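Worksheet: the structure to be examined is printed underneath.
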Amino acid sequence: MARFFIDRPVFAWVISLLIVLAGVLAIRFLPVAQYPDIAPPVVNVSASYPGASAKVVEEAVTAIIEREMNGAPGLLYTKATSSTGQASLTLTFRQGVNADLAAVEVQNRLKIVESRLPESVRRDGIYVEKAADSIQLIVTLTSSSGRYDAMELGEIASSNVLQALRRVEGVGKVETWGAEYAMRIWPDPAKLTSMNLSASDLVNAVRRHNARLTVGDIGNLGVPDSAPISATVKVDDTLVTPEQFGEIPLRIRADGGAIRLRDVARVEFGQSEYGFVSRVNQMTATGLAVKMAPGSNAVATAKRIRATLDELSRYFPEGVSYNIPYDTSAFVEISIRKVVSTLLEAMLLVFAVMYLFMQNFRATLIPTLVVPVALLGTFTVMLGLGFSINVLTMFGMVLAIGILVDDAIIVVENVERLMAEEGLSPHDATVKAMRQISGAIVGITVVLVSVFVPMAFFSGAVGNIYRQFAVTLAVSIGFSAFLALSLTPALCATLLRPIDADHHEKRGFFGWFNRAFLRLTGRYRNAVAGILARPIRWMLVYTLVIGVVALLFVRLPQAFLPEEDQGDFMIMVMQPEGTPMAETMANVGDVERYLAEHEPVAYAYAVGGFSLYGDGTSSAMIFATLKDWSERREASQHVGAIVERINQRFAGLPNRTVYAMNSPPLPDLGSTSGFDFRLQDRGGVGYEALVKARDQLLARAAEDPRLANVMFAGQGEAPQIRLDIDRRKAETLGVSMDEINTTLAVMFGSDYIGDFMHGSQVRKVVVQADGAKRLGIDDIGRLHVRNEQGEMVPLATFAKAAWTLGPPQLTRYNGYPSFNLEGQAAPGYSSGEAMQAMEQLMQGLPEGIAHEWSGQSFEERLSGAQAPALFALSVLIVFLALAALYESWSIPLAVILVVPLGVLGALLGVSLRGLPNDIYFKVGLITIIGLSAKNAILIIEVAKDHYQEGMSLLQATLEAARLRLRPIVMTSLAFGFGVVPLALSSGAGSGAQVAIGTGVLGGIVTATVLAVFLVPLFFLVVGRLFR
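Note that the deposited numbering has the sequence shown beginning at 1, numbered continuously upward.
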């Protein structure tokens, strides 16, 4: 096949141009992403059970459905959250399971248990939807100057903009924050008492016009926190403006006049204190949280969203403008731009290493043309196999560049040798070279291509990460084998002039270098000879280096992904249950003001009432986009320093929590950035004991130096009023359950719900998680109801109320009751160290309490638990591939003992730079193993086909070490200089680049220096001990 292309130059030329043209086409039709698609298939079962308590919802809906979904096809884990309103069931499936299969499977299992569900749940809708609950982009609409009307701007955003966004391809579901608004009524105690009007009089009179009343602080007129009456208003309603509300007649006067609502109350229109309240850059606005459709391209969807928005902006009245304060897609351009630059730097650097050795323009150009054709070839293979231009695929192409030229070195070098050391014509020089070295090319591409296939056959989203590296490298190396057997044959023959194969030219720096390298090769040959002279005493040194390999491995901490500064972050702004919205937004303003006046923040969007830990009046969050990295070129201006600063400054304010975290790198695995620890009640020990374990384990995490910010990612117990109805004599005394339930519902709103029933006891709870004063247990007893004979009866005869505390939410993980915990690794410490910290602190906990890692945490544990298998199989197939290629069981053994040499440098490189054993390190480790095999098999191949016998085989192996020292140094130095721009990356996106490059740069240095001294030894002990 080689001789085919030597005598046919143009035939190889047109093929190479065909690859380039196809690759260029692939670029134009290839999606760009920061990462590949990592999201596992998730199905959400949502059910509503209005008026039911969280316990009732869980027992009647959540637990029944969840119990049915135990044995689903590749169901990884189940999560459940039963709250007052709804039941929610999240079912995460194995990787590679068809989402529509999982969707159909969960739908079918739902129809089995549906008839056992409460009727009102079924008819309201039990939805089964593919989960895409991660927020990618946030759009705010603001009014420049004073164009803001709560009715107008809220509906401008929710109607005109949201309808367009929903039609934008790639947009899954949009949550509207700040578009629910209410009439606020503030009764005056003086005017109420001056007339003969009661609080119930106002509530009941208003209820004749608007039944969407939320009562709050009707029991605190005069120093109110929440508006005593809040009437959510819709455009269809009979009364809309506050002037209409003020006109509501309350009672007539003796003189014929009428008392109106405006006469005893202050009437206002504004955003509802019980919906969502949004704000961007300390200004009131309406937010639209965009969740992109599963499987869409984030960048492309953002461009359409932007295009559809600024096309809508021209219709805005002056003052109204649209802003995007939060866009995770923004970083994709920055990361892909940097890796493309680093790819260019690697090409510019390997060219320098080639030129330093071969020292002519023509023979340097011959291998440098292999890389673009092979890279553009892999670009075409990726389009069609289902891959994107992401940092991972581009990262591989960076590592490929140094490897890709390896075979084209060997042809050019040995052509030039046969052309000057033997006087051959350029045609016949290349002909003989391939008949000589094609075995070496075949051998090294066998190990290199093979070593990358085992990682592609692995589960999890780390498996998908591995496959992007595996395909981009095995195909490019496989290409570079083909180009070396086809392209470089022709180019060597047509382009190399006899004037170029000069062994010594350009006396000066280059002559100095040439003489120096030749001298170094001599001391190499003497140094090795000393080692083979005392081989038993140096094999003990080899036993030493594997020992420090193990010690370094045990010492090194492991992590998942490096912390990257992607220009944005988020802040949990939490208040204790029962905190009203006004305190929540005051606390948010404190964070808003601190960001504005003390930190480099471009935009800071803030929403009250929404939180990834649970909605409510005591929850709020802030999404923040930082200023450009150019304005933050300092250690104290990175994200981590900023979030550390924010969390420390606000830790001094008690009765509130402020948790600032860097944006999660893979939001489709989890909305937060930290660990997903799931405390489980696997033994049925009960809620009270589960709280005690959670609280005391939280305490242990506070004391541990490895952990930071470990906390309960949820809502604590909220105060509430429990009403017990023993022996429903109310029906015996004439009062109906309807009349009782309405009178409570009128003065408590939707907060009046029902709970668990036992033995003629109608248990009920008034929800007080919003901290309103309203009616106490004394008022509840003194409330009046009408029996069937028309009289007023005190409510206390048949109702016994009491204050109590209870969780607003009940969660379940893998079917057992849960507490969702989250936290961080302390500075300097690694994410894995944070994980083993938490597992260690579990030791002293009581009996029936287990734990599970979820989200990215679950994936990270998988990566570290399948690591030994991944390394063992990668060396094993190289063993078998060499055994198949060379029909021997002794050659693989000699080659195999080279891999610990390159491992030591990888371990040393990270261990001295303080970097962890992340998966970038694991990918580099596989690359180092393959390149170690290439180094060893390059000399062992020559040392075998020269001559072979027993009683020590010096003759061939030092001959091989002599011949192959230069070729292995060319190829190894090329790879090292290619990855130097990774190991020494500077600006944005550099966290991943130094992580991927540090281990691989250190690995190759000791995969070459420590190898050439030791692989001739390996060939000789295996020969000496196999006879």
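The beta carbon of each residue, even a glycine, is placed where N, CA and C say it ideally should be.
Pick from the options that is closest to residue i, judged by C-alpha positions
i            : options                            : result
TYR148       : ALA164, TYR322 and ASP310          : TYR322
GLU592       : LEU873, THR284, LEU192 and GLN824  : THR284
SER619       : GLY460, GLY716 and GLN86           : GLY716
residue 1033 : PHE245, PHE560 and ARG260          : The structure shown has nothing for residue 1033, since the chain only spans 1 to 1027.
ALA995       : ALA227, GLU564, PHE93 and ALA550   : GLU564
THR301       : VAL280, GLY319 and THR328          : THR328
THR90        : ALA80, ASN98 and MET581            : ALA80
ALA132       : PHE395, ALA99 and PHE4             : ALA99
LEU666       : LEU775, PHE331 and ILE138          : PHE331
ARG555       : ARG435, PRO916 and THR742          : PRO916
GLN993       : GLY683, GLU505, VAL979 and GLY1002 : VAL979
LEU473       : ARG497, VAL203, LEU344 and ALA400  : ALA400
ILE389       : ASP428, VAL350, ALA298 and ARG167  : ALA298
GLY154       : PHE269, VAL405 and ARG123          : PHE269
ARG212       : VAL290, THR193 and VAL240          : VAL240
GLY686       : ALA943, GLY848, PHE458 and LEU1001 : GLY848
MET394       : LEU544, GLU416 and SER341          : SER341
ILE65        : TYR947, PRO967 and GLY815          : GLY815
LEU893       : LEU984, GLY1023 and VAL471         : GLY1023
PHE479       : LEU544, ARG467, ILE403 and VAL549  : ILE403
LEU192       : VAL161, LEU250, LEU938 and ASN160  : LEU250
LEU17        : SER952, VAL910, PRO372 and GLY74   : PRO372
DSSP bridge partner residues for residue i (one or two, in chain order)
i      : result
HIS598 : In the DSSP output, where bridge partners are listed per residue, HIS598 has none listed.
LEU723 : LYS764 and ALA801
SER46  : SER88 and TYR127
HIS784 : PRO794
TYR77  : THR92
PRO249 : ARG260
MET572 : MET621 and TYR659
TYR816 : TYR813
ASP133 : None; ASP133 has no bridge partner.
Anticipated Cβ contact below 8 angstroms, residue i with residue j, distance rounded
i            : j      : result
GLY608       : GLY771 : The Cβ separation is near 14 angstroms, so there is no contact.
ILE409       : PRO367 : 6 angstroms
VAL353       : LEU483 : With 8 angstroms as the limit, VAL353 and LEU483 do not qualify as a contact, their Cβ atoms being about 19 angstroms apart.
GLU180       : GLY85  : That pair is no contact at about 15 angstroms.
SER874       : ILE929 : 6 angstroms
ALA529       : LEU958 : 7 angstroms
residue 1038 : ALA461 : Beyond the ends of the chain as shown, which are 1 and 1027, falls residue 1038; an answer cannot be given.
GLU129       : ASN44  : 5 angstroms
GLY443       : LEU885 : 6 angstroms
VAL106       : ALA72  : 7 angstroms
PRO40        : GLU413 : About 48 angstroms; that fails the 8 angstroms criterion.
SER476       : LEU375 : 7 angstroms
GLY172       : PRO294 : 7 angstroms
Interface flag, residue i vs chain B, CB-CB below 8 angstroms
i     : result
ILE64 : Absent from the structure: chain B. Only one protein chain is present.
So does the region 816-834 actually touch the region 709-717, counting three or more Cβ pairs closer than 8 angstroms? These segments touch.
Within the chosen definition, does the region 21-34 reach the region 327-343 through at least 3 CB pairs nearer than 8 angstroms? yes
Report yes or no: do three or more beta-carbon pairs, one from the region 796-803 and one from the region 717-736, lie closer than 8 angstroms? For the pair of segments examined, the region 796-803 was found to touch the region 717-736: the number of CB pairs separated by less than 8 angstroms reaches three.
Using 8 angstroms as the threshold, is the region 553-563 in touch with the region 690-708, meaning 3 or more CB pairs across them? no
Could you check whether the region 635-647 touches the region 658-676, counting it as contact only if at least three pairs of C-beta atoms, one from each stretch, sit closer than 8 angstroms? yes
Examine the Cβ distances between the region 113-121 and the region 264-272 and report whether three or more of them are shorter than 8 angstroms. No: fewer than three Cβ pairs fall under 8 angstroms.
At least three beta-carbon pairs within less than 8 angstroms, the region 924-943 to the region 437-454: yes
Could you pull out every unbroken alpha helix (DSSP H) segment of at least 4 residues lying fully inside the region 411-454, listed in chain order? 426-451
Is it true that the region 182-195 meets the region 220-228, where meeting means three or more beta-carbon pairs spaced less than 8 angstroms apart? yes
For the 8 angstroms Cβ check, are there 3 or more pairs between the region 738-747 and the region 667-683? In short, these stretches do not touch, since the Cβ pair count stays below three.
Is the region 377-397 close to the region 513-523, with three or more CB pairs under 8 angstroms? no
Take every Cβ of the region 960-967, pair it with every Cβ of the region 518-529, and state whether three or more of those distances are shorter than 8 angstroms. When C-beta atoms of the region 960-967 are compared with those of the region 518-529, three or more pairs fall below 8 angstroms, so the two segments count as touching.
So, do the region 4-15 and the region 481-495 have three or more beta carbon pairs nearer to each other than 8 angstroms? yes
Whole alpha helix (DSSP H) runs in the region 191-217 with 4 or more residues, listed along the chain? Within the region 191-217, the complete alpha helix (DSSP H) runs of at least 4 residues are 199-207.
Examine the Cβ distances between the region 494-510 and the region 416-430 and report whether three or more of them are shorter than 8 angstroms. yes
Counting Cβ pairs closer than 8 angstroms, one from the region 616-631 and one from the region 595-602, do we hit at least three? yes
Does the region 901-910 come close enough to the region 847-861 that 3 or more CB-CB pairs lie under 8 angstroms? no
With three or more C-beta pairs closer than 8 angstroms as the rule, is the region 834-848 touching the region 756-765? no
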